[PDB]
Amino acid sequence: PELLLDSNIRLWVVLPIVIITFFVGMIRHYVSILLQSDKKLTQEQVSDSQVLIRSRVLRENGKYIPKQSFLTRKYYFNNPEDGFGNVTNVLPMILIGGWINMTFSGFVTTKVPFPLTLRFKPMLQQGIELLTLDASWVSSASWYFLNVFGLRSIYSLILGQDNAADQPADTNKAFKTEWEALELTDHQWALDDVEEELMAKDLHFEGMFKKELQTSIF
Amino acid sequence: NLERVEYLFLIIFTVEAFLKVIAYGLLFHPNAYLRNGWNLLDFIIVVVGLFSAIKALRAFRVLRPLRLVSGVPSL
Amino acid sequence: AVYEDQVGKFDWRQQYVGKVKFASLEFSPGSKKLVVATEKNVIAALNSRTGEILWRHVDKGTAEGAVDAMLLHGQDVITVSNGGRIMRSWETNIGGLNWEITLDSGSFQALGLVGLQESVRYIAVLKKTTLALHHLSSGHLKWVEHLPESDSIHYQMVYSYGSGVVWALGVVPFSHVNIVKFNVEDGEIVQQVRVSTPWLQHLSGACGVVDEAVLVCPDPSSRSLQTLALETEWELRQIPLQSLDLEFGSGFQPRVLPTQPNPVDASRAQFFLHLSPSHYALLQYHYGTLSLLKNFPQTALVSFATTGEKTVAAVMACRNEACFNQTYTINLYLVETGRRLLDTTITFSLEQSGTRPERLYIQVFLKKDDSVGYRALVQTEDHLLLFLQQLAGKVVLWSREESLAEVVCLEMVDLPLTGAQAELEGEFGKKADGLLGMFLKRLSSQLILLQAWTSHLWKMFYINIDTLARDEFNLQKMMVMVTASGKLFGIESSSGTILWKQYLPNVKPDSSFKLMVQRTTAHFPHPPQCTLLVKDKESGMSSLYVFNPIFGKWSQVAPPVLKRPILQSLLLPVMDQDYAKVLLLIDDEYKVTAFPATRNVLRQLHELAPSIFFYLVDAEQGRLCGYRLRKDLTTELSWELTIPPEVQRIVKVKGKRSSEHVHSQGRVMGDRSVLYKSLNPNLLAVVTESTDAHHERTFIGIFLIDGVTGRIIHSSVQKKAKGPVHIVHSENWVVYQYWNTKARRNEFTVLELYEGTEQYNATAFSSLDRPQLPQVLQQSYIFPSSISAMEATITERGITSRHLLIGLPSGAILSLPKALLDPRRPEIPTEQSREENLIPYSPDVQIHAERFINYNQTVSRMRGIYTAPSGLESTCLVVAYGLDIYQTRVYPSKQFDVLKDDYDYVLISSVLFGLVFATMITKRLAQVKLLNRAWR
Amino acid sequence: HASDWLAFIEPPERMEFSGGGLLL
Ligand SMILES: *[C@@H]1O[C@H](CO)[C@@H](O[C@@H]2O[C@H](CO)[C@@H](O)[C@H](O)[C@H]2NC(C)=O)[C@H](O)[C@H]1NC(C)=O
Ligand SMILES: *[C@@H]1O[C@H](CO)[C@@H](O[C@@H]2O[C@H](CO)[C@@H](O)[C@H](O)[C@H]2NC(C)=O)[C@H](O)[C@H]1NC(C)=O
Ligand SMILES: *[C@@H]1O[C@H](CO)[C@@H](O)[C@H](O)[C@H]1NC(C)=O
């Protein structure tokens with residue numbers, strides 16, 4: 001094309017950036033896992049949380065029990081009960097970017113295969129000092145940042161779940177909120193006409209007596 | 001460049017030796033092969049330090065391949 | 001350079017001195033020196049063991065620095081120069097200076113050395129009116145006397161010895177001749193003698209003094225010799241040569257060569273007589289009798305020398321014949337009796353076809369076996385110096401090519417493509433068969449490449465003209481140099497080793513040269529081809545020479561014969577079917593000649609005639625003319641301009657380089673707008689100087705003209721200015737320097753051209769369809785030095801920044817950014833200036849030592865700077881030629897294309913290994929922590 | 001929307017050729 005490049009720069013400046021950023025991300029993930037947190041909770045907190053979860057589950061699924069039991073539980077919960085670390089996550093990114101800019105900047109790295117406008121030029125050519133060069137040619141720092149940004153999906157794929165990248169309050173308040181939310185719920189039984197639904201068609205006794213009765217293990 | 005590569009080799013060997021010493025304490029020494037490796041490492045670091053402060057002991061580097069038999073099974 | 005580490009890795013310098021005029025070799029000779037003076041007004045001391053330079057002194061290049069006379073005495077040298085005005089005493093041992101004085105007015109005639117009582121203590125200087133004696137130790141004047149009858153008698157010779165008196169001889173052609181004897185101690189005119197000679201006309205170049213101050217002159221008209229004893233005679237004595245049976249040549253001037261090894265005692269009684277071209281006679285004089293000691297017919301050169309009390313002559317001739325093999329023999333002879341000294345012959349030869357020696361200087365010494373060994377210094381016809389010794393296989397000790405001190409042309413041709421790849425082009429990437437063939441041959445090629453790789457690693461622990469191949473970066477080229485003496489050199493551009501030489505016979509000292517590269521090395525079946533045009537100054541005859549840039553041999557295709565004087569030349573970009581660019585020549589009758597004149601070229605010119613224009617400038621009458629080519633290779637006048645020579649005179653005319661490329665078609669000043677440049681490809685910049693030399697009525701005029709139609713795009717005059725003027729005209733701008741007399745300082749002036757805000761036509765540029773004048777912006781700056789040369793860097797695509805290379809008189813070369821010389825720089829800073837990122841105006845440009853491209857490899861008397869692209873977007877090749885030759889490379893934009901030479905592989909490997917190790921350790925620690933937390 | 005598309009403006013070409021100077 002326009003410029004003639006030395007193959008040595010391709011062999012010795014392109015790959016190391018990718019290797020360094022990949023392994024830096026992996027190390028960041030493993031270190032973040034290593035010292036994630038250590039939290040302890042007292043008995044009252046977990047007991048109250050379980051009570052709140054039970055009340056929420058009652059409110060959500062009271063439509064599968066007889067109405068008398070639902071209202072018996074609703075008489076309860078109303079009178080007696082409800083009423084009685086990062087520095088290593090972000091700073092190493094900037095530090096490594098600065099170190100790479102220090103020890104690698106000063107030459108053309110590669111070129112994107114699609115045309116761009118002059119708006120792209122100030123971002124992709126931090127190190128070079130030319131004036132009329134096209135915006136497709138990129139510097140080393142821009143390539144490093146592009147490589148950093150374009151690895152979230154790869155990290156999510158090759159590594160478990162998603163990591164290695166950047167992006168109750170008051171018991172009485174919760175008790176009052178749940179008391180107010182539960183007061184407007186009414187029982188709606190879901191078994192009123194189950195028999196008629198069952199009687200519509202014959203039972204599905206197909207594909208049940210295939211194979212053979214198991215004899216022993218394996 | 002071969003002079004500088006010895007620095008990397010020495011530092012990785014000595015960090016390995018430090019890990020072993022911390023792990024075992026006063027049981028790394030009684031083993032013969034561990035003692036041989038530790039003595040080789042000590043000679044190498046001593047000669048490197050003496051040379052850096054200011055070539056006969058370099059032959060002790062030739063003893064390095066023997067350490068290969070210290071860990072490989074069936075040998 | 002920079003960093004003090006790349007010193008000598010890319011640059012190289014060669015030093016030179018001009019053609020020898022005087023020389024002196026007699027020395028201790030324990031110290032090995034050779035003091036020489038050249039025609040370039042330079043005096044140097046060369047080592048004799050190797051031929052290097054111990055010290056060198058360069059004077060003014062004009063006629064006010066010519067050396068008139070040179071003498072040696074002990075360890076000191078005496079020089080008379082500046083038209084008989086300045087006398088200097090150089091200390092040879094240290095290279096400094098003992099003293100320097102100024103003589104009175106007059107014309108120098110001869111320089112002599114006198115002494116008294118076996119001790120030399122005075123210097124005698126002769127001028128057409130007077131004679132002066134000065135002290136030798138300090139140079140203080142002793143006395144001056146006026147030569148009687150100086151109005152008509154032309155005095156030409158001075159002779160004296162240890163007697164105590166000084167003679168002075170004057171002649172009037174075909175008339176009386178006068179001899180006046182003064183006394184050294186006081187300076188009275190103690191004797192006068194007059195004689196009559198109606199047959200001679202010269203005294204300096206024909207007569208001589210031998211023995212006890214005896215004057216001897218030849219006479220071919222009387223066919224004899226004339227002698228006169230200046231001591232006790234007052235009449236001429238004639239002696240015929242029929243006794244010795246010689247014969248003067250017809251239409252030739254005979255010469256007499258005496259010798260005087262010691263200025264104190266008398267001269268030797270034996271002397272040489274140059275009788276005919278290549279005819280000498282060693283004769284001996286004794287009391288009015290001449291004895292034929294020896295004769296030498298068909299001999300080239302003779303010389304004298306003396307060691308201790310032995311005087312020895314040296315004779316150079318050739319063996320067979322216009323000598324057959326250009327092979328010459330040098331023999332030693334005793335002066336007392338004509339006799340060869342056995343085991344002294346030296347045989348040498350000259351490589352060039354039509355050269356021959358012209359000077360011979362001999363240094364003698366006494367050997368251990370009481371023998372007389374010697375060495376010789378020979379200058380050939382083409383400014384080549386050879387130092388010959390008395391060995392068998394090492395007859396040539398060293399040689400120097402001193403024709404390279406007057407380089408007049410220069411070109412760079414890239415080396416031919418490597419044969420191992422040029423021929424591989426045919427066998428690689430070639431279609432052979434269907435879809436089943438190319439992949440099979442590709443995998444076979446991969447297999448053989450693997451085999452080559454394995455072979456290369458197996459050996460890890462186990463300059464010829466026809467092997468030249470270009471580099472991958474094309475950073476090595478083939479410099480082609482043309483010298484004023486008529487010699488062509490083909491030199492490697494990487495180490496400065498002469499690869500080939502060629503000679504052009506019968507080249508006048510003030511001819512005009514112009515060469516252009518016709519065909520390059522990008523077409524294998526055809527050879528590269530270059531052409532050289534030489535025009536004679538006086539006769540006006542013009543000639544062409546076609547040759548190969550790589551080998552130097554003349555091509556088989558015979559160039560045409562130019563029956564008329566050639567006015568100008570042009571090199572079209574139209575290529576023949578042989579990929580040779582067509583060349584046109586316009587002669588004195590305004591009809592053009594084409595080369596090559598093939599049928600295809602003739603048809604193409606017949607089709608393309610009305611699109612080619614010639615412009616001619618006559619500085620004598622200040623008249624510019626412009627013609628248009630017609631269909632049948634005839635020309636018709638199109639435009640004409642006149643500048644009255646009585647007010648202004650043209651000094652320069654500059655056009656843009658035809659092999660440059662402009663990258664951007666406009667400039668951005670911000671706020672989403674573009675200012676478009678006016679890139680006229682036919683613009684001409686003409687510089688004129690006023691004819692009024694007064695310090696308040698002198699001016700320099702600048703004209704920007706169009707070469708096709710003749711419209712004067714711009715006219716300007718700068719007042720209170722004086723030449724010389726150095727100008728650079730490039731893609732969009734013009735920068736010229738001058739001298740201002742009212743403030744007495746050197747100034748730069750920059751003009752820049754811009755179009756409007758909309759392109760008139762973005763598809764083509766026709767000079768017949770541009771009815772709108774451009775916008776011109778001008779500015780000026782102060783430069784605190786003088787300038788010897790100026791040039792601008794070039795690149796393949798014009799992407800890198802532009803720099804000006806300036807050659808100062810001291811010897812250094814300065815690299816000045818072009819962005820500093822911008823007419824748009826504001827005096828009052830504004831917000832728009834800030835958003836344009838423009839430096840506020842400053843009237844002075846500073847010179848820093850860090851900006852020199854040559855650290856201390858200074859070039860003396862610089863005359864030219866040449867720049868080459870060198871197949872890479874960040875490097876440009878620079879060659880500066882003056883008295884010396886210097887070659888280097890420059891990167892204006894810090895070499896963004898090639899990896900830095902200080903790359904640390906070990907650190908990269910160490911950091912990679914450390915990252916891998918840390919990854920492994922952290923993974924293990926995290927896994928163990930999770931496992932231990934699972935089991936509480 | 002100007003000051004863009006400038007890098008895509010390929011240079012035009014000459015329509016005539018001229019050479020010479022001071023008399024040789
Ligand atoms: C810009 O200049 C070019 C060169 O003259 C113009 O192209 C020519 O246009 C004429 C008529 O306008 C045609 O007859 C020629 O055949 C064209 N020649 C070529 C080589 O294109 C072009 O029209 C001009 N553009 C404008 C806007 O005036
Ligand atoms: C021009 O400057 C260079 C600077 O490098 C001089 O080269 C140095 O010379 C000194 C004295 O002999 C040596 O000790 C250094 O080793 C030289 N440097 C290098 C890189 O070789 C050079 O001598 C100067 N030119 C002249 C004529 O003195
Ligand atoms: C003398 O001439 C022969 C050919 O006749 C040539 O080969 C030889 O090189 C010549 N001598 C020298 C010194 O060039």
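Rules used throughout
Residues numbered from 1 in each chain as written, not as in the entry; some residues may be left out. Chains lettered and ligands numbered in written order. Part of a larger assembly, values for the part shown. Heavy atoms only, no water. Pairing = 2+ DSSP bridges. Helix = DSSP H or I, 4+ residues; strand = E, 2+ residues; numbered from the N terminus. Axes fitted to C-alpha atoms, helices over the stretch in contact; angles between N-to-C directions. Contact = heavy atoms within 4.5 Å. Buried area = accessible area lost by both parts, 1.4 Å probe. Polar contact = N/O pair within 3.5 Å; in protein donor to acceptor, adjacent residues only side chain to side chain. Nonpolar A, V, L, I, M, F, W, Y, C, P; charged D, E, K, R; others polar. Disulfide = S-S within 2.5 Å. Buried < 20%, exposed > 50% of the residue type's maximum accessible area, 1.4 Å probe, protein only. UniProt positions renumbered as here; feature names shortened; annotations may be inferred. Parallel < 35°, antiparallel > 145°, perpendicular 65-115°, else oblique. Left-handed = near helix turned anticlockwise from the far one by under 90°. Salt bridge = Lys/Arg side-chain N within 4 Å of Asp/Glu carboxyl O. 1 Å grid on protein atoms, 1.4 Å probe; cavity = no way out; pocket = protein on both sides within 12 Å on 5 of 7 lines; lining within 4 Å. Points joined across faces, edges and corners; volume = space filled by probe spheres on them. Expected span 1.5 Å × (residues − 1). Arc of directions from axis to C-beta. Core = buried A, V, L, I, M, F, W, Y, C linked by side-chain atoms within 4.5 Å.

- Method-wise, the PDB entry is recorded as coming from cryo-EM, at a reported resolution of 3.4 Å.

**Looking at the sheet that holds strand β57 (residues 775–783) of chain C**
All names here are of chain C.
Right, on to step 1. Judged by pairing direction, the sheet is antiparallel, and its four strands sit side by side in the order β54-β55-β56-β57 without closing on themselves. Edge positions in the open sheet fall to β54 (721–729) and β57, since each of these has one partner strand only. For this sheet, the mean angle separating the axes of adjacent strands, direction not counted, is 20°.
Right, on to step 2. As defined by bridge partners, strand β56 (residues 745–754) adjoins β57 across nine bridges and the pair is classed as antiparallel.

**A word on the interface of chain D and chain A**
Right, on to step 1. Tallying the contact residues gives five residues for chain D and five residues for chain A.
Right, on to step 2. With both sides pooled, the region where chain D packs onto chain A buries about 310 Å², and carbon together with sulfur makes up 55% of that total.
Right, on to step 3. On inspection of chain D and its partner chain A, the count reaches zero residue pairs in polar contact.
Right, on to step 4. Split into classes, the residues belonging to the side of chain D that touches chain A amount to two nonpolar, two polar and one charged.

**Thoughts on the state of the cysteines**
Residue and element names in this part refer to chain C.
Right, on to step 1. For the coordinates displayed, the defined rule picks out two disulfides over all chains.
Right, on to step 2. Here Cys-207 pairs with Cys-217 through a disulfide, and the sulfurs are 2.0 Å apart. Its torsion about the S-S bond being 110°, the disulfide of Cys-207 and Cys-217 is classed as right-handed. With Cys-207 in the loop between β17 (189–197) and β18 (208–210) and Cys-217 in strand β19 (residues 214–219), the pair connects residues that are 10 residues apart, well separated along the chain. As far as the burial class goes, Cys-207 and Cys-217 line up, both buried.

**Details of unusual backbone geometry**
Residues and elements named next belong to chain C.
Right, on to step 1. Residues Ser-28 and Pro-29 are joined by a peptide bond in cis, for which omega reads -5°.
Right, on to step 2. Within the fold, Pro-29 resides in the loop between β2 (20–24) and β3 (34–38).
Right, on to step 3. In this structure, the amide linkage connecting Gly-723 to the following residue, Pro-724, adopts the cis form with an omega of 0°.
Right, on to step 4. Looking at where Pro-724 falls in the secondary structure, it is placed in strand β54.
Right, on to step 5. Even without being a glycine, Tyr-579 presents a positive backbone phi close to 60°.
Right, on to step 6. With respect to the element layout, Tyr-579 can be found in the loop between β42 (566–575) and β43 (581–587).

**Some remarks on the UniProt feature "transmembrane region" in chain C**
Right, on to step 1. Here, UniProt's "transmembrane region" annotation points to residues 906–926 of chain C.
Right, on to step 2. Between the end C-alpha atoms of residues 906–926 of chain C the distance is 30 Å, and the span holds 100% helix and 0% strand.

**Details of the arrangement of the chains**
Right, on to step 1. By number of contacts, the leading pair among the four pairs of chains in contact is chains C and D.
Right, on to step 2. Contact between chain A and chain B is absent, and the minimum C-alpha spacing across the pair is 17 Å.

**What to know about the packing of helix α1 (residues 7–34) of chain A against helix α6 (residues 140–149) of chain A**
Residue and element names in this part refer to chain A.
Right, on to step 1. At a minimum axis separation of 10 Å, α1 and α6 run at an interaxial angle of 40°. Taken together, α1 and α6 sit at an angle that is classed as oblique. For the element pair α1 and α6, the recorded crossing hand is right-handed. Here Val-13, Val-14, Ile-17, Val-18 and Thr-21 of α1 come into contact with α6, specifically with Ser-140, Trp-143, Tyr-144, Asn-147 and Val-148.

**Quick word on the interface of chain D and chain C**
Right, on to step 1. Taken together, the contacts link 20 residues of chain D with 37 residues of chain C.
Right, on to step 2. The junction of chain D with chain C conceals about 2,800 Å² of combined surface from both sides, 62% of it contributed by carbon and sulfur atoms.
Right, on to step 3. Summed over the three residues of chain D that lose the most area to chain C, namely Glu-16, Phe-17 and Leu-24 of chain D, the buried surface amounts to 29% of that side.
Right, on to step 4. Taken together, the links from chain D to chain C amount to one salt bridge.
Right, on to step 5. In this structure, the salt-bridge partner of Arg-672 of chain C is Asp-4 of chain D, at a minimum N-O distance of 3.7 Å.

**Some details on the UniProt feature "transmembrane region" in chain A**
Residues and elements named next belong to chain A.
Right, on to step 1. When the UniProt feature table is mapped to this numbering, "transmembrane region" covers residues 12–35, 87–102 and 141–159.
Right, on to step 2. Counted over residues 12–35, helix gives 96% and strand 0%. Its end C-alpha atoms are 35 Å apart.
Right, on to step 3. The span residues 87–102 shows a helical share of 100% and a strand share of 0%, and its end C-alpha atoms are spaced 22 Å apart.

**Quick look at the pairing of strand β60 (residues 813–817) of chain C**
Residue and element names in this part refer to chain C.
Right, on to step 1. The buried fraction of β60 is high, at four of five residues.
Right, on to step 2. Bridging between strand β59 (residues 803–807) and β60 involves five bridges; their strand directions are antiparallel. Bridge pairing links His-803 to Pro-817 in β60.
Right, on to step 3. Connecting β59 to the antiparallel partner β60 that follows it, the hairpin turn spans five residues, and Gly-811 within it adopts a positive phi of roughly 135°.

**Structural notes on empty space enclosed by the protein**
Where empty space is left in the structure can be found by rolling a water-sized probe over the atoms.
All names here are of chain C.
Right, on to step 1. Taken as a whole, the largest cavity encloses approximately 110 Å³ of empty space.
Right, on to step 2. What lines the largest cavity is a set of 15 residues, among which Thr-197, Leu-200, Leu-215, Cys-217 and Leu-236 lie closest to the centre.
Right, on to step 3. Mapped by element, the contributors of at least two residues to the lining of the largest cavity are β16 (175–183), β17, β19 and β20 (224–229).
Right, on to step 4. If one sorts the elements of the lining of the largest cavity by residue count, β20 sits on top with three residues.
Right, on to step 5. In terms of residue class, the lining of the largest cavity is made up of 12 nonpolar, three polar and no charged.
Right, on to step 6. The residue inventory of the lining of the second largest cavity, partitioned by class, reads one nonpolar, four polar and three charged.

**Quick notes on helix α2 (residues 43–61) of chain A**
All names here are of chain A.
Right, on to step 1. The end-to-end C-alpha distance of α2, which contains 19 residues, comes to 27 Å, matching closely the 27 Å that a straight helix rising 1.5 Å per residue would cover.
Right, on to step 2. Those residues of α2 not exposed but buried are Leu-52, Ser-55 and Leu-58. Relative to the axis of α2, the buried residues are bounded by an arc of 120° and lie together on one face. Across α2 from its buried face, at more than 90 degrees, point the exposed residues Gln-43, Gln-50 and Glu-60.
Right, on to step 3. Turning to α2, the residues buried within the fold contact α3 (67–75) and α8 (171–183).

**With respect to the nonpolar core**
All names here are of chain C.
Right, on to step 1. Counting residues in each nonpolar core, the largest one holds 23 residues, and the members touching the most others are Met-316, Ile-330, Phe-348, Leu-360, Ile-362 and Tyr-374.
Right, on to step 2. Discounting residues that sit within four places of it in the chain, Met-316 has contacts with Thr-299, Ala-300, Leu-301, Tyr-328, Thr-329, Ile-330, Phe-348, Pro-357, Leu-360 and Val-378.
Right, on to step 3. Of all hydrophobic cores here, the second largest spans 20 residues; its members include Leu-570, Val-574, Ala-594 and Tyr-627.

**Thoughts on the packing of α1 of chain A against helix α6 (residues 905–934) of chain C**
Right, on to step 1. Across the interface, α1 of chain A lies against α6 of chain C with an axial gap of 9 Å and an inter-helix angle of 25°. As far as their axial angle goes, α6 of chain C and α1 of chain A are roughly parallel. Crossing angle aside, the handedness with which α1 of chain A passes α6 of chain C is left-handed. Of α6 of chain C, the residues touching α1 of chain A (which contributes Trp-12, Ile-19, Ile-20, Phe-23, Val-24, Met-26, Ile-27, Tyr-30, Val-31, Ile-33 and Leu-34 of chain A) are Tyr-905, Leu-912, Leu-915, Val-916, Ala-918, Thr-919, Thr-922, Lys-923, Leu-925, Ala-926 and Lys-929 of chain C.
Right, on to step 2. Grouping the constituent residues of the contact of α1 of chain A with α6 of chain C by class yields 18 nonpolar, two polar and two charged.

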